Amino acid sequence: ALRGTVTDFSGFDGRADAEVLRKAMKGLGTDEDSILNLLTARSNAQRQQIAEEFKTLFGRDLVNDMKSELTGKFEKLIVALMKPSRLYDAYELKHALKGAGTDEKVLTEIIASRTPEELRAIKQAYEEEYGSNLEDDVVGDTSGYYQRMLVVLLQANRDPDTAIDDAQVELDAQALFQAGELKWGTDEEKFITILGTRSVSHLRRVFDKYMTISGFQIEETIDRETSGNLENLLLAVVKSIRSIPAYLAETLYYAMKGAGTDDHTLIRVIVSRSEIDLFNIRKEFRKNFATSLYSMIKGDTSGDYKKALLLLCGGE
Ligand SMILES: [Ca+2]
Ligand SMILES: [Ca+2]
Ligand SMILES: [Ca+2]
Ligand SMILES: [Ca+2]
Ligand SMILES: [Ca+2]
Ligand SMILES: [Ca+2]
Ligand SMILES: [Ca+2]
């Protein structure tokens, strides 16, 4: 089913690539284009082996040398590209959570779209890297039913997908209907429990059944019932339940639609998904916005940043 756009380079020689990169950085100036070109064509695992070889040949740290060399967006992109896969989401969440700053955009995006298996992996990689517990960090920086919905999701405890029980499907669509539209106010506790714990395939049936009973798609009710971060988060969760690729594709579209470019989100989703499902994300993107992702990136960005980004997307 899923497909990323970056694979392992056949005929990889770690040590040959470290020499290319030394040479691209040695002395006056920088050859961005050999870096760019070499690195968007190696898998993340291969980038780690290259970083190892560079260190045993030159006693130098590859990423440190690269960030003295490079600047701006392209620096940020090559650095994200060099982050170990198993550490990148942990890193982005730690960086969303920190200082005064908490950036709900990133927290909502990662935690709503990662599977239980990935949230487990992420929670383990965060405490082992940052010496703080992820849940405790989120709680500390968030409030309300937004906070609670993130903790539910952080339990990575969604029900398995067994066979569908149609009475349960009816029972949950009716409960959501009584919790929001038939309610003066909203029973957010009900929404967080059903949306937060039920298996994915059962929620796909609930959403349709909800449509049938109410005449509304669940998104429309979420929008009528809730405001702010919690609205944002429940929308993100619902979208991810129907399709993580499609959700991420519209995260992308909106980063670079809104006049400027949310370079942070562009780098973050392209790099995070490049070996998971970025192919399928480009599919959902062509389907819904009637542009190729390539064409939209090619026009919203520039330089070596644009070149690297397009080599990572691929497409026609
Ligand atoms: Ca140099
Ligand atoms: Ca720099
Ligand atoms: Ca904070
Ligand atoms: Ca709190
Ligand atoms: Ca209501
Ligand atoms: Ca609203
Ligand atoms: Ca734009």
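Along the sequence shown, the residues carry numbers beginning at 1. Because only heavy atoms are used, hydrogens play no part in the values below, and waters and symmetry mates are left out as well, while side chains stay in. Order of listing sets the numbers, starting from 1, for every ligand and every atom in it.
Because the distance cut-off is set at 3.0 Å, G180 qualifies as a neighbour of the Ca ion (ligand 5) through one of its N, O or S atoms. In summary, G140 places no N/O/S atom under 3.0 Å from the Ca ion (ligand 3), failing the contact criterion. For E225, the nearest N, O or S atom to the Ca ion (ligand 5) falls under 3.0 Å. Because the distance cut-off is set at 3.0 Å, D137 fails to qualify as a neighbour of the Ca ion (ligand 3), as none of its N, O or S atoms comes that close. In summary, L70 places an N/O/S atom under 3.0 Å from the Ca ion (ligand 2), meeting the contact criterion. In summary, no N, O or S atom of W184 is located under 3.0 Å from the Ca ion (ligand 5). None of the N, O or S atoms belonging to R224 lies under 3.0 Å away from the Ca ion (ligand 5).
Between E109 and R268 there is a salt bridge, since a side-chain N of the basic residue sits under 4.0 Å from a carboxylate O of the acidic one. Using a 4.0 Å cut-off between charged side-chain N and carboxylate O, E118 and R273 make a salt bridge.
With 3.5 Å as the limit, one finds no donor-acceptor pair spanning the side chains of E53 and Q49.
Atom CD of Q155 sits in a crowded spot, with more than 12 heavy atoms from other residues, nucleotides or ligands closer than 6.0 Å.
Aromatic ring orientation, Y130 versus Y126: tilted (interplanar angle from 30° to 60°).
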Can you give each donor-acceptor pair under 3.5 Å made by side-chain atoms of residues 250-257, sequence neighbours left out, with the distance rounded to 0.1 Å?
residue : atom : partner : partner atom : Å
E250    : OE2  : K239    : NZ           : 3.4
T251    : OG1  : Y247    : O            : 2.7

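The Ca ion (ligand 3) is the vertex of the angle joining OD2 of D141 and O of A100, which measures 150° to the nearest 10°. Rounded to 10°, the angle formed at the Ca ion (ligand 3) by OG1 of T102 and O of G101 is 70°. Rounded to 10°, the angle that O of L97 and O of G99 form at the Ca ion (ligand 3) is 100°. Seen from the Ca ion (ligand 5), atom O of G185 and atom O of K183 lie 80° apart in angle, a value rounded to 10°.
Not a single donor-acceptor pair under 3.5 Å links the side chain of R86 to the backbone N or O of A121.
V63 and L39 fall within a single hydrophobic cluster, where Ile, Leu, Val, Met, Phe, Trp and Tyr are joined by side-chain heavy atoms under 4.5 Å apart, directly or via other members.
The atom name of the N/O/S atom in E75 closest to the Ca ion (ligand 2) is OE1.
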